[PDB]
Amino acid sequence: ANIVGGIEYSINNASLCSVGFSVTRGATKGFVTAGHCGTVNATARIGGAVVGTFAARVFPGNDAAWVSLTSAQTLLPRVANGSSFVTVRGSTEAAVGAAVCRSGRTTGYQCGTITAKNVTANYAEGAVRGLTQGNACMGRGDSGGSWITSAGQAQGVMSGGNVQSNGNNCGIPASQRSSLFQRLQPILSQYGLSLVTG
C-alpha cells in the first residue's frame, strides 16, 4: 500500500484509525499514529492487506505509537487533502495562534487554529498530558491522523476531542471545539524515527 497521512487503517481487523506520518527507523519503514489505536504487536491492514504491526506505544500518559511496516509498503511524504495532497516538509512546531489542519478517515481534511498547549485530557483509561489543542473539527475514527500546517510542517497525531452525539465536533462553532493532538517531536525522538519529507 501507499502510505499517506490521514488514510484509514484497521487494527486486528477491528478498530479503525488514521495514519499519522510516514517515517523511517534505519532501514525499517513505518508510520506514526496514536497510542490508543493499538497495542504492541497488533496487526495493521490497509485495503484489506496486512501492512505491518504496532512496534511500540505509550498510552495513556502520552498518546503515541508507531507501526513498523513490511518492506513492500511505499512511504510517501504526503497527507491527504480530499483527492489532493499536502507535502510533508518538516516538523517545526507552530505556536499558539497559528493555523493548522488535520486529516483523517472520518471527517477528512479540516482546518482551524492552535488555541492552547500542554492540555490534559482525561480519558477512560487515564489522563493524557502535554496535548496541543486546536479548533479544527474532528470525529471518531480520525484518531492517529495527521495534524500539519498548510506550509507542510507536521505537528502531531490526533488524540481526542469533544465529540457530540453525532460522533464529531463539526456541528458546533470553532469557539466551542477542543480537538487535541499528541506532539510529533517526542514520538520521533522516543523511537528514533525520521520523518519522510518531499
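Residue indices: 1-based, along the sequence shown.
J.: Would you determine, from the values in the PDB entry, which of 99 to 107 and 116 to 124 has the greater average C-alpha temperature factor?
T.: Comparing 116 to 124 with 99 to 107, the higher average CA B-factor belongs to 116 to 124.
J.: Which wins on mean Cα temperature factor, 9 to 17 or 170 to 178?
T.: It is 170 to 178 that shows the higher mean C-alpha B-factor.
J.: Looking at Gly30, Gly61, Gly152, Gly156, which has the biggest Cα B factor in the entry?
T.: Out of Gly30, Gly61, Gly152, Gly156, the record gives the largest C-alpha B-factor to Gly61.
J.: Once the chain's modelled residues are ordered by C-alpha B factor and cut into thirds, is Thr132 in the lowest, middle or highest one?
T.: According to the entry, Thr132 has a C-alpha B-factor in the chain's lowest third.
J.: Taking the values exactly as deposited, rank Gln185 by C-alpha B-factor within its chain and report the matching third: lowest, middle or highest.
T.: Answer is middle: the recorded C-alpha B-factor places it there.
J.: By the recorded C-alpha temperature factor, relative to the other modelled residues in its chain, which third is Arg140 in?
T.: It belongs to the middle third of the chain when residues are ordered by C-alpha B-factor.
J.: Among the modelled residues of its chain, does the C-alpha B-factor of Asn41 lie in the lowest, middle or highest third?
T.: Highest third, going by the recorded CA B-factors of the chain.
J.: Among all modelled residues of this chain, ranked by Cα B factor, put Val67 in the bottom, middle or top third, i.e. lowest, middle or highest.
T.: CA B-factor rank for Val67: lowest third.
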